[PDB]
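Taking it in order: structure first as structure tokens, then the write-up.
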Amino acid sequence: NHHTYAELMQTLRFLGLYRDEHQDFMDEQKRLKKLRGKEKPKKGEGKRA
Amino acid sequence: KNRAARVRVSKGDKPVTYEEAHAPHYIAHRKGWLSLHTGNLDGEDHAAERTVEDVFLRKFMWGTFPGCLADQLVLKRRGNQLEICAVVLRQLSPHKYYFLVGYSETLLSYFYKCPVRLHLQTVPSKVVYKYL
Amino acid sequence: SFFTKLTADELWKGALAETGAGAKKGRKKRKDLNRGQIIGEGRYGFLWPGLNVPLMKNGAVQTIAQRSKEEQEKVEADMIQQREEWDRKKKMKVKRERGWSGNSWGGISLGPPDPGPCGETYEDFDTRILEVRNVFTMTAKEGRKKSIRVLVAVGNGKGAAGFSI
Amino acid sequence: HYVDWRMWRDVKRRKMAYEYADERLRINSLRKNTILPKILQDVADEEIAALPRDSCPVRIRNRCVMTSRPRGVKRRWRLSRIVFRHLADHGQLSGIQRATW
Amino acid sequence: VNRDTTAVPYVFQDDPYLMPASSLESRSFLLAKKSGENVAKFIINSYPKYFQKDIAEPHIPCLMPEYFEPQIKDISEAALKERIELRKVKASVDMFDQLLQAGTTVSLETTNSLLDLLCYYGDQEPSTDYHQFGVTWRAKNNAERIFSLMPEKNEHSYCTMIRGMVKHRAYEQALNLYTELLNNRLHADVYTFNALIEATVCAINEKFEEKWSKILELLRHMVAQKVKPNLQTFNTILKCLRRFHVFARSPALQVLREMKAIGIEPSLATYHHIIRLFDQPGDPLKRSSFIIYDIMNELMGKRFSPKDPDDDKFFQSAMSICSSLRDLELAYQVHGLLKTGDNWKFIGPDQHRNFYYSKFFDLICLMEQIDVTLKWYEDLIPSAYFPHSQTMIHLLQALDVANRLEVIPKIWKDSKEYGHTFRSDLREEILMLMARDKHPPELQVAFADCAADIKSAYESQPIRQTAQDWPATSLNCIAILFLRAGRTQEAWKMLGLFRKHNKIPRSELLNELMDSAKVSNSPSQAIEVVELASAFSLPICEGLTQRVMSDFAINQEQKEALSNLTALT
Amino acid sequence: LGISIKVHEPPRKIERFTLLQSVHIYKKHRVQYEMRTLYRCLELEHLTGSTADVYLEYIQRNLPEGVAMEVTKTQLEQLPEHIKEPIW
Amino acid sequence: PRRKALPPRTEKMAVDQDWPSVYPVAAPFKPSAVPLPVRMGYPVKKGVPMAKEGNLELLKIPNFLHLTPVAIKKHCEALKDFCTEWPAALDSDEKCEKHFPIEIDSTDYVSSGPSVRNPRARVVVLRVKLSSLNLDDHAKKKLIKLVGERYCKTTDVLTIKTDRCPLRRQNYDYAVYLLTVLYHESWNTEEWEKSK
Amino acid sequence: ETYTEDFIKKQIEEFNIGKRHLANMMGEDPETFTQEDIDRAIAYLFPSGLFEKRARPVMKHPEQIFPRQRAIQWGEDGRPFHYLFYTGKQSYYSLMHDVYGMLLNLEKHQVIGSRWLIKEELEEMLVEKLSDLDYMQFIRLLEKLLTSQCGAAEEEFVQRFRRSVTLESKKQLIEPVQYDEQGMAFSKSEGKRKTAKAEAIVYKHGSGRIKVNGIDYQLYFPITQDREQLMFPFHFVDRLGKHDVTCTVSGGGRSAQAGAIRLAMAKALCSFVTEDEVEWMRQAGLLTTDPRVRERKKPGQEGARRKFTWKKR
RNA sequence: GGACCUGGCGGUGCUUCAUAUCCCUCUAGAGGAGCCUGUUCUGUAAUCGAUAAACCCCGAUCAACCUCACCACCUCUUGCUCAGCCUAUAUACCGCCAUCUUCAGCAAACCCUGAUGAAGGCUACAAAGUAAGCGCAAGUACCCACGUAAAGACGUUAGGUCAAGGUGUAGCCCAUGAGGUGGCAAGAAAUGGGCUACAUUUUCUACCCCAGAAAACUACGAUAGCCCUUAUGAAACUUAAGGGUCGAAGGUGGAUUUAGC
Ligand SMILES: [K+]
Ligand SMILES: [K+]
Ligand SMILES: [K+]
Ligand SMILES: [K+]
Ligand SMILES: [K+]
Ligand SMILES: [K+]
Ligand SMILES: [Mg+2]
Ligand SMILES: [Mg+2]
Ligand SMILES: [Mg+2]
Ligand SMILES: [Mg+2]
Ligand SMILES: [Mg+2]
Ligand SMILES: [Mg+2]
Ligand SMILES: [Mg+2]
Ligand SMILES: [Mg+2]
Ligand SMILES: [Mg+2]
Ligand SMILES: [Mg+2]
Ligand SMILES: [Mg+2]
Ligand SMILES: [Mg+2]
Ligand SMILES: [Mg+2]
Ligand SMILES: [Mg+2]
Ligand SMILES: [Mg+2]
Ligand SMILES: [Mg+2]
Ligand SMILES: [Mg+2]
Ligand SMILES: [Mg+2]
Ligand SMILES: [Mg+2]
Ligand SMILES: [Mg+2]
């Protein structure tokens, strides 16, 4: 059950009991992309409108 | 050239443990297995289920004791008991180790519906077998 | 999926691309993301007795508690400030005493020679660079190989001086 | 949170195949014999053909449970050859070793 | 298998870094582990859907999530009974009010089951994972409100109200309610009388004769209503007479003989209350002697079962008297009774277990031979308990009386391993014994290795945040031990510490420093001794200067130096 | 415990299989793996049910990790009462 | 100051101690509790096998420290009270066959995991020699034709294997039922048998 | 990893204490506890199936574990002890100097079971690293010392460098001669050829009858070549029609079974011929087990040696 | 521009070699026929990748639907996911590998030579080299000490794979994402590998080796075509098996070329 494993470990990370190195890596990459101007658009407000 | 599970030669400054220093062709010759169960014996079942559980336990412990594990886990199964033997460092305070032991043993017992135990052996530093 | 995630070392080794054909014949920096993280601290702001908060308080064992929304905002904001300061220090550049010109090695001091094995010392000697040259040699396999040739001079300012390549 | 959309489609196929297994079995038994009248067997053919497509077990695919690779899978461990080797070559699969003889 | 004496209790992680090194860590390490288990259970019960995949065969009910929420959302009797089983005091009262306002009938058995919940917790919500002095029975509470609105009231209704009042220290109300039960021609149970006996004593403060007359009236009432007393009826009497002490000594023994005759078997709690009653501050030889001697002849070789909540307090009380009487033969009988069968599980919590062994071992060190004392020392510590710093001092005093001082270096090694490295009273005790008298060269060298390690403890204290403090006796002892061991170089260096901390040097230290100088024939050092004693204006200095003049050759500079100290003279 | 026991070693079994070595193409390059199953047979004779329950519980609890057991028990029974004679 | 680890408790052990008390049950190898200078590991050039502290290879081994010859002999002394005595009259296999002509075979499977289930455990095998049954000439001839390959003429043993029921007690009761209906039908004579 | 003498002295103290602990665990007398008992106890307590024995648990005396290290070569004053120190090969050249000096004194005065030690053995007597040419020079100088009229003093020295090259005897082992119920002498032996395994019983006296699995040999082996193999042993020693044989063979094909029977009968027949005749049978290849067995197929090729066709380019 | 150093290259010299190995020699083949299968071309509204040695029954230990990533049409928009993308870039990469390797070399730290230039460093009756470590070796697996496996460094081909999975950079977000229905996957032709044959050392039957028949237009020869039945499946002209019918090319294969001690 991939839903159970992913959801459980996501909850434990928000509870501060599990350190997800991979998720921390993804968060840092996404943070630096905002500062670089490459942010995800809002649904319906894409470059094509 | 083969790559699988080979720490490649460097300038002589890379410390490697005994397990990391042996390529796959030394399994059963100079190094043992990191998990022992009956699933892979002839005529035995549930090898697939034991494998998924092992992969999860290794990721769980890695993120539950961040920066503490000094070596790979040794997973042992006898009957319906699950023993987890880990070699950890001596940086965290003992109180936090006791909290994480009580927490992880209880959480894993309810997750896999079996009595789980965690045996910790502390070392002052990562045991170095050689410098590649 | 939880089973497709990898460790930080694996993720940095791939993203940095320090190894590869592009870095062999002249054909991004790592960041430790576990640096300022405290075991037990999470987004929900729970206070786990014995892990991220003291086990006993006023001689009694604490119970599971959770920081208020306002109190957790301060912790998050304080962690971002701690991150900027740590990063700011790295951007700070040291003031170099330039040599003959701004980008040249000539004239720059290298400090005293290293102390010998038998407790021998050379604190009285200063070292100066006179030339730095990138020499290239052709090899059968790798082709154009890059090396460094340096000329330095040493002296104690009292008549004893020498040079070496 | 499954590996990809293709694994998610196979998850749903295995779920629907499990729910209709008894019904399909009973209808198929009416078709797999020479005892019942043809008039009754022709009606059973139409009945099982009207069941949802994703209830048919031949549409289930044994994919790698960690990477969703549809081929090169070892049934005993339900892992693709690549993932299996990664675990085996690190000594994490009990009793499995390189073979030389 | 028997207990492993080299190991700590099995609950701790068997690892030199994770093993508790003191009685404080022995308590906190277990609380940290229990805290981690509570956090795991909090998560399991908060997110039960993650822990519902059951792969175990046979099924393990004790490894499934728990559901503390009511699942019946209809307003009816069957829905109220669910909130009573879950012990939802507030929801059950609300469900009861709404159910009552609607006009639907609520059975009597269910109304009683609601009083049992309110009367027990006092209209307060029990403790949960996460969402002393004084009376806790509020005037207007849901229990009394529901009790008055109650249409039909039976015996069980009054009983659960009387027991709830006494439990929450509303002794005066419980007695008033017991009068109504009698006026209504009802009969209470033994459990209701047990609470009334506790109220009769704790309601008002009076003399013993007045209280003892009311209790004997309840007991005679209990016989008129054909109610048989149980163990708790007599244990409550003995536990309530602890106030009067001497006045209740003979009456308390009448309760004990009353149990034996009726057929009720005294439990460990029955003798605990008799032990504490006779164990009043004073001279225990008059009575407490033969009371514990007769209680042990009765309990000899008996296996006990849990009958009363206070059964885990006897051994702590029995051992406390053995130390007061200073009777070691009696202490072995108490410890012998603790070792028969499974009696070892009645020793009590950790605080009671450490108190039991502290008194037991401190009595061994005092009254037992040293060869046997060191066998108990190895069997009990750390396997049974971690010693208090005062237990290590009682052990050193036993080695001194036995003339076995070669063990002192071992007691210091063990003291550090038990968390007593920075105890002032302990380091002073060790140094004084080692430096009390002179010993052969072999032993004198061993004491210098220990004094050197103790010196390191004074230097690297955690109080180092504060200015280092060196007791006067410690400095005089550490210095004398270096001289007697031949480490003169180390002794002369320490003389500066006497001036730094301004600590008076001992007369014996100054005299032995001279002997070390006359051996080395160093006049400067000899003057440095006279210079030190001169700073403190000791009378032996003036006489010592005369000794220095005759013993050592005095250079003109040295002679003028002594003249300068003679000028001070 | 006073149980008559014999021991022998049945022939081992080695299961082998082959896998590709590269993630892509390079068909003629494989890696081969194997699983070795070794056996040991303890044969006990003439023991009651109570003795068998104690011995089996003692050695089954002490079964090392990675070792499975298949215990075949041959029980002695008497003829059912209905079979001792023909009906007619 | 940081926490200093205590010295290993092997330094406190006597050479004449009761070892079974140290390792009473199966437990992983603990360097600080095993007073043996044991080493393990393929050594490097001009090196030695790695010491026991932090040695993962010694941790992988299923050790027998809890099953020393001294411990086994003490364990078995306490387990004698649970055993019963085999009948002395049953001295040989031929004597067991005389008094107990039926043999019932069943198998239990011990594996590692959370589930103790194993579908192979339901199988029951019943063996009996026709010489032990009260069969005349006609009945024994008819019984051999009914069972077919379940009978072996060389050994004269009838083997009935049952495994169509979920449980083993059901397959056992069914095996006894089969032996009963086979015995009573062999003694029954039909009219169509005259056409043999 | 340098090891001082104080470190080895501590390792020996631990081994003696641990040796008494191990004897206490196994319930044996600590005084008579030998190294063989230690190895047996360690194998039981720490069972390891690793194929390489050097990687298994071990508890040996420190002198047998740590490598022999050369002591200090100079004192506190810095003066080397040996007068050949500055050559860097004092042990080797000290030996060449002594051998050269003996060859001089002789001038002033005037094989099968042994071999010269190999270079790696000489590097252990000297505790130094040697070159291949350094080893040849030393051997050439010892051989020059044997050719001379070396005395007893010059003979004990050369033997220090001769190692025993024990030559195992090729003499065939003779099977015992047994007797059956009727008192007829016979011998028994076995033979293997490919996957065929045979066991033959050769009677001392007979008429030349051969039974294979209870069948006459010409009925069991209808192919003439197979019968020629059964004739080879008896005909080579001139004993056709003098013995009766009963053999059993299983596995393999017809020719492999005839080969296994040939080897089994030849071995059993050695009990009824003279020692010289047994050596002739050995030199005729009649007593050797044929080691030629099928070779496995390798992955990525068609057969054991056959490769796939190198595709046309 | 002059003179050198290193590497590469030479239809460059001498000397010695390759042990299934470059040539001849030995054995069976490929190249000619049919069929199976991959690829290229062509075709189609209708994937992708490999593609000299080192691609071509290769990713696939495998595609009727599914698989699937393709095409047509229709549908959904916080969407199985604190979204998603088999979108681009293997010339940003990890991971796993090909190749020389059917090799024996790689190399930190030093020392010395060349006037302290790029650079170079051996001669054993020895003349400046010492070298940890890595590889070879040794050990181990299989039936030996043999053989076969396994192993095989540093580097070479920006070699292969973003479509195992992960991932840097860039890009899409009512669509480059998600779902449903139906559909393509053919053969003018060329070519690689394989299978079956051309027969008498053969064909058929009995038997597993002492036999009887067959033997050129009813012989040898299709696993092809056509028809039928059966098996699996919800679904089969389509996939497999069996039977019937049918009885073709092929009569031993040029240049060239593969494998084996
Ligand atoms: K050139
Ligand atoms: K790559
Ligand atoms: K990829
Ligand atoms: K990418
Ligand atoms: K071809
Ligand atoms: K051809
Ligand atoms: Mg390869
Ligand atoms: Mg500038
Ligand atoms: Mg399929
Ligand atoms: Mg072949
Ligand atoms: Mg062709
Ligand atoms: Mg294509
Ligand atoms: Mg392409
Ligand atoms: Mg490409
Ligand atoms: Mg479709
Ligand atoms: Mg399709
Ligand atoms: Mg797409
Ligand atoms: Mg590339
Ligand atoms: Mg070999
Ligand atoms: Mg190979
Ligand atoms: Mg090798
Ligand atoms: Mg490329
Ligand atoms: Mg799309
Ligand atoms: Mg024909
Ligand atoms: Mg056909
Ligand atoms: Mg069908």
Side-chain angles (χ1 to χ4, degrees), chain A residues 3 6-7 10 22 29 38 40-41 43-44 46-48, chain B residues 1-4 8-9 11-12 23 25-26 29-30 130-132, chain C residues 1 4-6 10-11 13-17 19-22 24-25 27-28 135 137-143 149 163-165, chain D residues 1-3 5-6 8 11-13 24 28 45 48-49 51 53 55-61 64 66-72 80-83 85-86 98-101, chain F residues 17-27 29, chain H residues 51-52 54 131 133-134 136-137 222-223 291 293 295-296 298 302 304-313:
Chain A
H3 286 169
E7 292 167 357
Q10 176 173 246
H22 191 109
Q29 298 298 329
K38 313 294 188 182
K40 188 187 186 71
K43 209 189 202 315
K47 276 177 171 179
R48 288 177 280 183
Chain B
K1 295 185 295 187
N2 300 322
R3 316 292 298 187
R8 310 209 72 85
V9 65
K11 314 178 72 176
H25 61 268
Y26 290 118
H29 298 251
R30 302 184 185 180
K130 60 189 294 195
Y131 287 95
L132 284 172
Chain C
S1 180
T4 53
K5 293 169 175 287
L6 299 178
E10 293 167 313
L11 289 171
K13 189 179 178 177
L16 295 176
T19 58
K24 294 174 191 169
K25 307 187 181 189
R27 293 155 175 166
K28 186 63 179 177
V135 293
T137 185
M138 296 295 295
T139 56
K141 300 185 179 180
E142 296 182 2
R149 191 189 77 188
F163 67 98
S164 185
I165 296 174
Chain D
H1 290 105
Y2 286 90
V3 175
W5 293 95
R6 296 162 192 174
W8 177 239
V11 167
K12 292 160 63 178
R13 288 187 182 108
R24 294 182 66 87
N28 257 317
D45 297 330
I48 189 156
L51 295 177
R53 189 74 62 80
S55 61
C56 302
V58 298
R59 296 166 65 85
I60 293 167
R61 187 82 178 198
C64 186
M66 286 173 181
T67 62
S68 194
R69 201 173 196 278
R71 281 185 277 203
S80 68
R81 55 179 176 85
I82 296 166
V83 176
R85 285 195 59 214
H86 187 75
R98 295 294 186 87
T100 57
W101 75 103
Chain F
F17 57 94
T18 306
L19 301 173
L20 301 185
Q21 188 168 33
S22 182
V23 296
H24 191 57
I25 65 168
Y26 304 137
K27 178 58 160 289
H29 303 272
Chain H
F51 294 132
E52 291 200 6
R54 281 183 286 175
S131 175
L133 293 172
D134 287 327
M136 302 178 192
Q137 298 278 350
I223 304 304
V293 295
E295 185 174 319
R296 60 159 291 192
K298 266 68 69 170
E302 190 281 332
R305 303 291 178 85
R306 227 289 181 190
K307 309 296 185 301
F308 293 120
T309 299
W310 195 26
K311 294 192 181 67
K312 172 170 166 180
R313 300 148 300 285

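Here is how names work: the chains are called A, B, and so on, in the same order as the sequence lines, proteins then strands, and each is numbered from 1. Hydrogens, waters and symmetry mates play no part in the numbers below; they use all other heavy atoms, side chains included.
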By the 4.0 Å heavy-atom rule, please label [X] as base, sugar-phosphate, or nothing.
| X | answer |
| --- | --- |
| B:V9 | sugar-phosphate |
| C:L16 | nothing |
| C:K5 | nothing |
| H:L133 | base |
| F:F17 | nothing |
| A:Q10 | base |
| B:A4 | sugar-phosphate |
| D:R71 | base |
| D:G72 | sugar-phosphate |
| C:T4 | sugar-phosphate |
| H:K307 | sugar-phosphate |
| A:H3 | base |
| H:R54 | sugar-phosphate |
| C:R27 | base |

Nucleotide opposite [N] in a Watson-Crick or G-U pair, distances under 3.5 Å:
| N | result |
| --- | --- |
| I:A90 | none |
| I:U39 | I:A190 |
| I:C111 | I:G121 |
| I:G2 | none |
| I:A131 | none |
| I:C70 | I:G183 |
| I:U218 | none |
| I:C9 | none |

Examine [N] and [M] and say if both key distances are under 3.5 Å for a Watson-Crick or a G-U wobble pair.
| N | M | result |
| --- | --- | --- |
| I:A211 | I:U205 | yes |
| I:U44 | I:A231 | no |
| I:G221 | I:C22 | no |
| I:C142 | I:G147 | yes |
| I:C17 | I:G117 | no |
| I:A240 | I:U157 | no |
| I:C48 | I:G59 | yes |
| I:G260 | I:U238 | no |
| I:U102 | I:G177 | no |
| I:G254 | I:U101 | no |

Would you say B:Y131 has more than 12 foreign heavy atoms packed within less than 6.0 Å of its OH?
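No, the 6.0 Å shell around OH holds no more than 12 heavy atoms from other groups.
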For [N], does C1'-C2'-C3'-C4' say north (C3'-endo side) or south (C2'-endo side)?
| N | value |
| --- | --- |
| I:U200 | south |
| I:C97 | north |
| I:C209 | south |

Pairwise [atom1] distance for [N] and [M], with rounding to whole Å:
| N | M | atom1 | answer |
| --- | --- | --- | --- |
| I:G2 | I:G7 | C1' | 22 Å |
| I:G168 | I:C162 | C1' | 11 Å |
| I:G43 | I:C184 | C1' | 12 Å |
| I:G250 | I:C217 | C1' | 15 Å |
| I:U148 | I:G135 | P | 23 Å |
| I:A88 | I:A178 | P | 14 Å |
| I:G254 | I:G260 | P | 23 Å |
| I:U101 | I:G95 | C1' | 24 Å |

[M] and [N], neighbours in the strand: six-membered ring centres under 5.5 Å and planes under 30°?
| N | M | result |
| --- | --- | --- |
| I:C207 | I:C208 | yes |
| I:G79 | I:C80 | no |
| I:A151 | I:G152 | yes |
| I:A137 | I:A138 | yes |
| I:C174 | I:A175 | no |

Any sub-3.5 Å donor-acceptor pair from [X]'s side-chain atoms to [Y]'s backbone N or O?
| X | Y | result |
| --- | --- | --- |
| C:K141 | C:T139 | no |
| C:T4 | C:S1 | yes |
| D:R81 | F:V23 | yes |

Since syn is defined as within 90° of 0, does I:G79 count as syn or as anti?
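It is syn.
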If the glycosidic angle is within 90 degrees of 0 it's syn, otherwise anti, so just tell me which one I:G247 is.
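I:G247: syn glycosidic orientation.
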Do D:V83 and D:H86 touch side chain to side chain, with heavy atoms closer than 4.5 Å?
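No, side chains not in contact.
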Any side-chain heavy atom of B:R8 sitting closer than 4.5 Å to one from B:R3?
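A side-chain contact under 4.5 Å exists here.
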Might you point out which heavy atoms bring F:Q21 and D:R85 nearest each other, and give the distance in Å?
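For F:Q21 versus D:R85, the nearest heavy atoms are O-NH1, 2.8 Å.
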List the residues meeting salt bridge (charged side-chain N to carboxylate O under 4.0 Å, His left out) with D:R59, not counting sequence neighbours, and say none if there are none.
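Residues passing salt bridge (charged side-chain N to carboxylate O under 4.0 Å, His left out) with D:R59: D:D54.
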With side-chain contact (heavy atoms from CB on, under 4.5 Å) as the criterion, how do H:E295 and H:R305 come out once you've worked through the C-alpha distance, each side chain's angles and the decisive distance to 0.1 Å?
CA-CA 9 Å; H:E295 185 174 319; H:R305 303 291 178 85; 3.1 Å; yes
With respect to D:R61, which candidate in D:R6, D:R13, D:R71 satisfies the side-chain contact (heavy atoms from CB on, under 4.5 Å) definition?
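Testing each of D:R6, D:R13, D:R71 against D:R61, the sole residue satisfying side-chain contact (heavy atoms from CB on, under 4.5 Å) is D:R71.
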Please determine whether side-chain contact (heavy atoms from CB on, under 4.5 Å) holds for the pair D:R98 and B:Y26, giving the CA-CA distance in whole Å, both sets of side-chain angles, and the decisive distance to 0.1 Å.
CA-CA 8 Å; D:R98 295 294 186 87; B:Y26 290 118; over 6 Å; no
Chain F contact limits on RNA chain I, taken 5' to 3' with a cut-off of 4.0 angstrom to heavy atoms
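First-to-last contact on RNA chain I, by the 4.0 Å heavy-atom rule, is I:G49 to I:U161.
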Report the residue (B:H25 or H:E52) whose heavy-atom-nearest nucleotide on RNA chain I is the more 5′ of the two.
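Mapping each residue to its closest nucleotide by heavy atoms, the 5'-most match is H:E52.
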Taking for each residue the nucleotide of RNA chain I with the nearest heavy atom, is it D:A99 or C:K141 whose nucleotide lies nearer the 5' end?
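Per heavy-atom nearest nucleotide, the more 5' residue is D:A99.
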